[PDB]
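Trainee: Enclosed is the structure file data_6.pdb (PDB, C-alpha atoms (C1' of nucleotides)).
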ATOM      1  CA  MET A   1      -9.018  79.478   8.724  1.00  0.00           C
ATOM      2  CA  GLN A   2     -12.837  79.762   8.976  1.00  0.00           C
ATOM      3  CA  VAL A   3     -12.937  83.228   7.306  1.00  0.00           C
ATOM      4  CA  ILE A   4     -15.875  84.200   5.084  1.00  0.00           C
ATOM      5  CA  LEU A   5     -15.249  85.868   1.722  1.00  0.00           C
ATOM      6  CA  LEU A   6     -17.106  88.687  -0.050  1.00  0.00           C
ATOM      7  CA  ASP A   7     -15.384  89.074  -3.430  1.00  0.00           C
ATOM      8  CA  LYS A   8     -14.619  87.474  -6.834  1.00  0.00           C
ATOM      9  CA  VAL A   9     -11.326  86.024  -5.468  1.00  0.00           C
ATOM     10  CA  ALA A  10     -10.012  82.874  -7.254  1.00  0.00           C
ATOM     11  CA  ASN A  11     -11.033  79.267  -6.860  1.00  0.00           C
ATOM     12  CA  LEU A  12     -11.861  78.936  -3.184  1.00  0.00           C
ATOM     13  CA  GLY A  13     -14.444  81.715  -3.321  1.00  0.00           C
ATOM     14  CA  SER A  14     -18.134  81.604  -4.200  1.00  0.00           C
ATOM     15  CA  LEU A  15     -19.147  85.025  -2.783  1.00  0.00           C
ATOM     16  CA  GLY A  16     -18.775  83.700   0.758  1.00  0.00           C
ATOM     17  CA  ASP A  17     -18.209  80.199   2.122  1.00  0.00           C
ATOM     18  CA  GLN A  18     -16.434  78.856   5.185  1.00  0.00           C
ATOM     19  CA  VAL A  19     -13.225  77.318   3.870  1.00  0.00           C
ATOM     20  CA  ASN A  20     -10.195  75.572   5.371  1.00  0.00           C
ATOM     21  CA  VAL A  21      -7.257  77.790   4.398  1.00  0.00           C
ATOM     22  CA  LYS A  22      -3.990  78.542   6.202  1.00  0.00           C
ATOM     23  CA  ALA A  23      -3.710  81.466   8.609  1.00  0.00           C
ATOM     24  CA  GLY A  24      -1.076  83.167   6.445  1.00  0.00           C
ATOM     25  CA  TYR A  25      -3.597  83.638   3.651  1.00  0.00           C
ATOM     26  CA  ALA A  26      -6.196  84.710   6.207  1.00  0.00           C
ATOM     27  CA  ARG A  27      -4.400  87.704   7.716  1.00  0.00           C
ATOM     28  CA  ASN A  28      -2.987  90.669   5.716  1.00  0.00           C
ATOM     29  CA  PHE A  29      -4.811  89.651   2.521  1.00  0.00           C
ATOM     30  CA  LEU A  30      -8.325  88.716   3.615  1.00  0.00           C
ATOM     31  CA  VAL A  31      -8.203  90.165   7.153  1.00  0.00           C
ATOM     32  CA  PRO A  32      -8.313  93.687   6.113  1.00  0.00           C
ATOM     33  CA  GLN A  33      -7.363  94.396   2.564  1.00  0.00           C
ATOM     34  CA  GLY A  34     -11.075  94.085   1.920  1.00  0.00           C
ATOM     35  CA  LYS A  35     -12.800  91.084   0.332  1.00  0.00           C
ATOM     36  CA  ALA A  36     -13.462  89.138   3.570  1.00  0.00           C
ATOM     37  CA  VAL A  37     -14.186  89.237   7.304  1.00  0.00           C
ATOM     38  CA  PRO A  38     -12.899  87.169  10.266  1.00  0.00           C
ATOM     39  CA  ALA A  39     -15.221  84.513  11.689  1.00  0.00           C
ATOM     40  CA  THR A  40     -14.881  85.033  15.438  1.00  0.00           C
ATOM     41  CA  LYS A  41     -18.358  83.479  16.018  1.00  0.00           C
ATOM     42  CA  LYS A  42     -19.988  86.917  15.787  1.00  0.00           C
ATOM     43  CA  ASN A  43     -19.756  87.327  12.015  1.00  0.00           C
ATOM     44  CA  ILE A  44     -21.151  83.838  11.375  1.00  0.00           C
ATOM     45  CA  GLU A  45     -24.524  85.019  12.695  1.00  0.00           C
ATOM     46  CA  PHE A  46     -24.375  88.629  11.461  1.00  0.00           C
ATOM     47  CA  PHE A  47     -23.533  87.848   7.832  1.00  0.00           C
ATOM     48  CA  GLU A  48     -25.913  84.871   7.909  1.00  0.00           C
ATOM     49  CA  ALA A  49     -28.702  87.450   8.241  1.00  0.00           C
ATOM     50  CA  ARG A  50     -27.182  89.197   5.218  1.00  0.00           C
ATOM     51  CA  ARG A  51     -27.557  85.939   3.268  1.00  0.00           C
ATOM     52  CA  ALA A  52     -31.199  85.367   4.237  1.00  0.00           C
ATOM     53  CA  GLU A  53     -32.608  88.898   4.018  1.00  0.00           C
ATOM     54  CA  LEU A  54     -30.875  89.867   0.761  1.00  0.00           C
TER
ATOM     55  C1'   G B   1      65.799  80.935  78.020  1.00  0.00           C
ATOM     56  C1'   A B   2      69.557  81.945  81.631  1.00  0.00           C
ATOM     57  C1'   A B   3      75.181  82.150  82.427  1.00  0.00           C
ATOM     58  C1'   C B   4      80.493  83.250  87.637  1.00  0.00           C
ATOM     59  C1'   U B   5      80.617  82.595  78.775  1.00  0.00           C
ATOM     60  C1'   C B   6      89.053  78.175  78.982  1.00  0.00           C
ATOM     61  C1'   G B   7      91.834  74.544  75.802  1.00  0.00           C
ATOM     62  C1'   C B   8      92.389  69.024  74.948  1.00  0.00           C
ATOM     63  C1'   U B   9      91.130  63.606  74.530  1.00  0.00           C
ATOM     64  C1'   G B  10      86.907  60.551  74.952  1.00  0.00           C
ATOM     65  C1'   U B  11      81.607  60.098  75.604  1.00  0.00           C
ATOM     66  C1'   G B  12      76.835  61.521  73.734  1.00  0.00           C
ATOM     67  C1'   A B  13      70.378  62.878  69.193  1.00  0.00           C
ATOM     68  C1'   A B  14      76.479  60.222  66.174  1.00  0.00           C
ATOM     69  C1'   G B  15      81.022  67.635  65.216  1.00  0.00           C
ATOM     70  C1'   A B  16      80.467  69.899  73.447  1.00  0.00           C
ATOM     71  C1'   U B  17      81.968  76.934  76.622  1.00  0.00           C
ATOM     72  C1'   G B  18      78.727  73.530  80.257  1.00  0.00           C
ATOM     73  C1'   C B  19      79.297  65.830  80.635  1.00  0.00           C
ATOM     74  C1'   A B  20      83.912  62.664  82.458  1.00  0.00           C
ATOM     75  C1'   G B  21      89.247  62.731  82.842  1.00  0.00           C
ATOM     76  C1'   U B  22      93.094  66.286  82.429  1.00  0.00           C
ATOM     77  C1'   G B  23      95.889  70.728  81.233  1.00  0.00           C
ATOM     78  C1'   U B  24      96.130  75.999  81.617  1.00  0.00           C
ATOM     79  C1'   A B  25      94.609  80.750  83.315  1.00  0.00           C
ATOM     80  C1'   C B  26      95.487  87.699  88.487  1.00  0.00           C
ATOM     81  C1'   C B  27      90.911  90.871  87.849  1.00  0.00           C
ATOM     82  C1'   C B  28      88.847  94.599  83.936  1.00  0.00           C
ATOM     83  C1'   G B  29      88.781  97.496  79.524  1.00  0.00           C
ATOM     84  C1'   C B  30      90.186  99.437  74.674  1.00  0.00           C
ATOM     85  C1'   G B  31      91.882  98.989  69.471  1.00  0.00           C
ATOM     86  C1'   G B  32      91.852  95.027  66.007  1.00  0.00           C
ATOM     87  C1'   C B  33      91.052  90.213  62.707  1.00  0.00           C
ATOM     88  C1'   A B  34      86.351  86.608  61.582  1.00  0.00           C
ATOM     89  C1'   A B  35      87.858  80.633  63.714  1.00  0.00           C
ATOM     90  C1'   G B  36      83.561  78.895  66.345  1.00  0.00           C
ATOM     91  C1'   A B  37      79.203  79.551  69.396  1.00  0.00           C
ATOM     92  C1'   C B  38      75.758  74.021  63.794  1.00  0.00           C
ATOM     93  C1'   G B  39      75.875  83.158  64.516  1.00  0.00           C
ATOM     94  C1'   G B  40      71.697  86.949  62.759  1.00  0.00           C
ATOM     95  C1'   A B  41      68.133  87.446  58.430  1.00  0.00           C
ATOM     96  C1'   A B  42      63.556  84.153  55.701  1.00  0.00           C
ATOM     97  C1'   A B  43      57.830  77.899  59.606  1.00  0.00           C
ATOM     98  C1'   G B  44      63.999  75.734  52.670  1.00  0.00           C
ATOM     99  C1'   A B  45      62.544  77.858  47.365  1.00  0.00           C
ATOM    100  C1'   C B  46      65.675  72.006  46.305  1.00  0.00           C
ATOM    101  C1'   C B  47      63.311  66.752  47.575  1.00  0.00           C
ATOM    102  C1'   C B  48      59.176  63.818  49.445  1.00  0.00           C
ATOM    103  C1'   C B  49      54.393  63.547  51.472  1.00  0.00           C
ATOM    104  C1'   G B  50      48.695  65.967  51.635  1.00  0.00           C
ATOM    105  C1'   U B  51      43.171  61.245  48.476  1.00  0.00           C
ATOM    106  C1'   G B  52      46.335  70.568  49.027  1.00  0.00           C
ATOM    107  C1'   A B  53      45.583  74.801  45.736  1.00  0.00           C
ATOM    108  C1'   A B  54      46.285  77.416  41.229  1.00  0.00           C
ATOM    109  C1'   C B  55      46.518  77.984  36.207  1.00  0.00           C
ATOM    110  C1'   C B  56      48.007  75.925  31.290  1.00  0.00           C
ATOM    111  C1'   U B  57      47.604  71.553  27.477  1.00  0.00           C
ATOM    112  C1'   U B  58      45.171  67.655  24.446  1.00  0.00           C
ATOM    113  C1'   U B  59      42.192  62.641  19.416  1.00  0.00           C
ATOM    114  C1'   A B  60      41.479  62.468  29.163  1.00  0.00           C
ATOM    115  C1'   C B  61      36.219  62.496  31.240  1.00  0.00           C
ATOM    116  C1'   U B  62      31.583  65.149  31.127  1.00  0.00           C
ATOM    117  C1'   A B  63      29.408  69.811  30.021  1.00  0.00           C
ATOM    118  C1'   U B  64      28.572  74.555  27.418  1.00  0.00           C
ATOM    119  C1'   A B  65      28.818  79.549  24.266  1.00  0.00           C
ATOM    120  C1'   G B  66      29.338  79.973  19.093  1.00  0.00           C
ATOM    121  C1'   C B  67      29.228  77.681  14.276  1.00  0.00           C
ATOM    122  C1'   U B  68      26.270  73.641  11.403  1.00  0.00           C
ATOM    123  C1'   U B  69      21.931  70.090   9.665  1.00  0.00           C
ATOM    124  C1'   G B  70      16.713  69.244   9.666  1.00  0.00           C
ATOM    125  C1'   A B  71      11.551  69.767  11.506  1.00  0.00           C
ATOM    126  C1'   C B  72       7.585  73.021  13.428  1.00  0.00           C
ATOM    127  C1'   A B  73       6.120  78.204  14.088  1.00  0.00           C
ATOM    128  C1'   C B  74       6.634  83.432  12.144  1.00  0.00           C
ATOM    129  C1'   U B  75       4.991  81.814   6.685  1.00  0.00           C
ATOM    130  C1'   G B  76       1.290  82.832   1.633  1.00  0.00           C
ATOM    131  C1'   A B  77      -1.710  81.942  -2.624  1.00  0.00           C
ATOM    132  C1'   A B  78      -2.060  79.973  -7.631  1.00  0.00           C
ATOM    133  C1'   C B  79       0.153  76.027 -10.393  1.00  0.00           C
ATOM    134  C1'   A B  80       3.396  72.585 -13.225  1.00  0.00           C
ATOM    135  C1'   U B  81       7.218  68.683 -13.835  1.00  0.00           C
TER
END
Please rewrite the model in this file as structure tokens.
Mentor:
Amino acid sequence: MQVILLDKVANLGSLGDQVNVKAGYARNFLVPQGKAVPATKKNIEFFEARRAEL
RNA sequence: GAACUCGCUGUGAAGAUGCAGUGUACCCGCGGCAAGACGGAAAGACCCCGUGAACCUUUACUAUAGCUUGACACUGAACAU
């Protein structure tokens, strides 16, 4: 779903963009194995500050 | 059910110990034999009814467990023909 990436994962990733992917690829691979974070409307404002400040 | 509980012919819910006619018979036991009293025993089991019941059977009706087909969800990413 609306998950935001953090890693060099293959061609849907650009070090973090909101994509439209299925929920099966969301959980257990992106929801924690690393490499991403769920977007439960709290991380879309927290990691947005990580984009601007860094 | 009660009886002081005879046989005939005929009558009769159509096979009479009780009716009618008639015949016969002292009163009362006991030992016997089963002919009858449509004997006793079982609201006939056979048969037919009841818009009875019960099971069982099937290409009766309508359901359903299970089996089976497909879709969605659990369930993904890359691709290619």
Trainee: Quick check on the file I pasted: which residues fall under the PyMOL selection byres ((chain B) within 7 of (chain A))? Write them as a list in words.
Mentor: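 Residues picked by the PyMOL selection byres ((chain B) within 7 of (chain A)): residues 75, 76 and 77 of chain B.
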Trainee: Show which residues sit within 9 Å of residue A:3, as a list in words. Count all atoms listed in the file, and ignore same-chain residues fewer than 3 positions away.
Mentor: residues 16, 17, 18, 19, 20, 21, 26, 30, 31, 36, 37, 38, 39 and 40 of chain A
Trainee: What is the distance, in Å and to one decimal place, between atom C1' of residue B:25 and atom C1' of residue B:10?
Mentor: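 Between atom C1' of residue B:25 and atom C1' of residue B:10 the gap is 23.2 Å.
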Trainee: For stretch 30-40 of chain B, find every residue with an atom within 12 Å (counting all atoms listed in the file), except residues of its own chain fewer than 6 positions away, and show them as a PDB file with C-alpha atoms (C1' of nucleotides), keeping the file's coordinate frame.
Mentor:
ATOM      1  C1'   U B   5      80.617  82.595  78.775  1.00  0.00           C
ATOM      2  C1'   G B  15      81.022  67.635  65.216  1.00  0.00           C
ATOM      3  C1'   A B  16      80.467  69.899  73.447  1.00  0.00           C
ATOM      4  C1'   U B  17      81.968  76.934  76.622  1.00  0.00           C
TER       5        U B  17
END
Trainee: Expressed in Å to a single decimal, how great is the separation between atom CA of residue A:32 and atom CA of residue A:2?
Mentor: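 If I compute the distance from atom CA of residue A:32 to atom CA of residue A:2, I get 14.9 Å.
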Trainee: Just how far from atom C1' of residue B:7 is atom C1' of residue B:24, in Å to one decimal?
Mentor: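 Between atom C1' of residue B:24 and atom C1' of residue B:7 the gap is 7.4 Å.
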Trainee: Counting only C-alpha atoms, which of A:6, A:49, A:12, A:1 gets nearest to residue A:35?
Mentor: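 Looking only at the distances to residue A:35, the closest residue turns out to be A:6.
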Trainee: Starting from the incomplete input, reconstruct N, CA, C and O atoms of stretch 28-52 of chain A and write that as a short mmCIF file (atom, residue, chain, number, x, y, z; two decimals), keeping the file's coordinate frame.
Mentor:
data_model
loop_
_atom_site.label_atom_id
_atom_site.label_comp_id
_atom_site.auth_asym_id
_atom_site.auth_seq_id
_atom_site.Cartn_x
_atom_site.Cartn_y
_atom_site.Cartn_z
N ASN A 28 -3.70 89.71 6.57
CA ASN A 28 -2.99 90.67 5.72
C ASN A 28 -3.42 90.63 4.25
O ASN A 28 -3.02 91.49 3.47
N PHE A 29 -4.24 89.66 3.86
CA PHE A 29 -4.81 89.65 2.52
C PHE A 29 -6.33 89.65 2.60
O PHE A 29 -7.00 90.41 1.90
N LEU A 30 -6.88 88.78 3.45
CA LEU A 30 -8.32 88.72 3.62
C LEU A 30 -8.76 89.51 4.84
O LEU A 30 -9.75 90.25 4.80
N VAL A 31 -8.04 89.35 5.95
CA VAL A 31 -8.20 90.16 7.15
C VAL A 31 -7.48 91.45 6.74
O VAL A 31 -6.43 91.35 6.09
N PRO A 32 -7.95 92.68 7.13
CA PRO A 32 -8.31 93.69 6.11
C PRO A 32 -7.33 94.01 5.00
O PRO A 32 -6.23 94.53 5.22
N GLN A 33 -7.76 93.70 3.78
CA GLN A 33 -7.36 94.40 2.56
C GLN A 33 -8.68 94.58 1.82
O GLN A 33 -8.75 95.07 0.69
N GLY A 34 -9.76 94.20 2.51
CA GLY A 34 -11.08 94.08 1.92
C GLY A 34 -11.43 92.63 1.73
O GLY A 34 -10.79 91.75 2.34
N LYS A 35 -12.49 92.37 0.97
CA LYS A 35 -12.80 91.08 0.33
C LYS A 35 -13.23 89.97 1.29
O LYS A 35 -13.68 88.92 0.82
N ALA A 36 -13.13 90.18 2.60
CA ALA A 36 -13.46 89.14 3.57
C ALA A 36 -13.72 89.75 4.94
O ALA A 36 -13.72 90.97 5.12
N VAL A 37 -13.91 88.87 5.92
CA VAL A 37 -14.19 89.24 7.30
C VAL A 37 -13.78 88.06 8.19
O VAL A 37 -13.92 86.90 7.77
N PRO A 38 -13.20 88.29 9.37
CA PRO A 38 -12.90 87.17 10.27
C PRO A 38 -14.15 86.57 10.88
O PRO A 38 -15.13 87.26 11.18
N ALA A 39 -14.12 85.25 11.07
CA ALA A 39 -15.22 84.51 11.69
C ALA A 39 -14.90 84.19 13.15
O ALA A 39 -14.48 83.09 13.50
N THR A 40 -15.13 85.18 14.01
CA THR A 40 -14.88 85.03 15.44
C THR A 40 -16.17 84.72 16.18
O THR A 40 -16.40 85.23 17.29
N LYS A 41 -17.05 83.94 15.53
CA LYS A 41 -18.36 83.48 16.02
C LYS A 41 -19.36 84.61 16.24
O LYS A 41 -20.43 84.39 16.81
N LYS A 42 -19.03 85.82 15.80
CA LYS A 42 -19.99 86.92 15.79
C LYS A 42 -20.41 87.23 14.36
O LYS A 42 -21.54 87.63 14.09
N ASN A 43 -19.49 87.02 13.41
CA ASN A 43 -19.76 87.33 12.02
C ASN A 43 -20.46 86.16 11.32
O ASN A 43 -20.99 86.31 10.22
N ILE A 44 -20.47 84.99 11.96
CA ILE A 44 -21.15 83.84 11.38
C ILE A 44 -22.65 83.94 11.58
O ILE A 44 -23.43 83.22 10.93
N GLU A 45 -23.10 84.81 12.49
CA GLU A 45 -24.52 85.02 12.70
C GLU A 45 -24.98 86.34 12.08
O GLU A 45 -26.13 86.48 11.66
N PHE A 46 -24.08 87.32 12.04
CA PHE A 46 -24.38 88.63 11.46
C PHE A 46 -24.50 88.54 9.95
O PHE A 46 -25.49 89.01 9.37
N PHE A 47 -23.51 87.95 9.29
CA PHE A 47 -23.53 87.85 7.83
C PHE A 47 -24.46 86.74 7.36
O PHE A 47 -24.79 86.68 6.16
N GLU A 48 -24.89 85.85 8.26
CA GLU A 48 -25.91 84.87 7.91
C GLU A 48 -27.26 85.56 7.69
O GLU A 48 -28.06 85.13 6.86
N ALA A 49 -27.51 86.63 8.43
CA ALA A 49 -28.70 87.45 8.24
C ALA A 49 -28.61 88.23 6.94
O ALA A 49 -29.63 88.56 6.33
N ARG A 50 -27.38 88.54 6.50
CA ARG A 50 -27.18 89.20 5.22
C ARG A 50 -27.48 88.25 4.06
O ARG A 50 -27.91 88.67 2.98
N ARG A 51 -27.26 86.95 4.27
CA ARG A 51 -27.56 85.94 3.27
C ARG A 51 -29.06 85.75 3.11
O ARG A 51 -29.57 85.68 1.99
N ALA A 52 -29.77 85.67 4.24
CA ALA A 52 -31.20 85.37 4.24
C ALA A 52 -32.05 86.55 3.78
O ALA A 52 -32.96 86.38 2.96
#
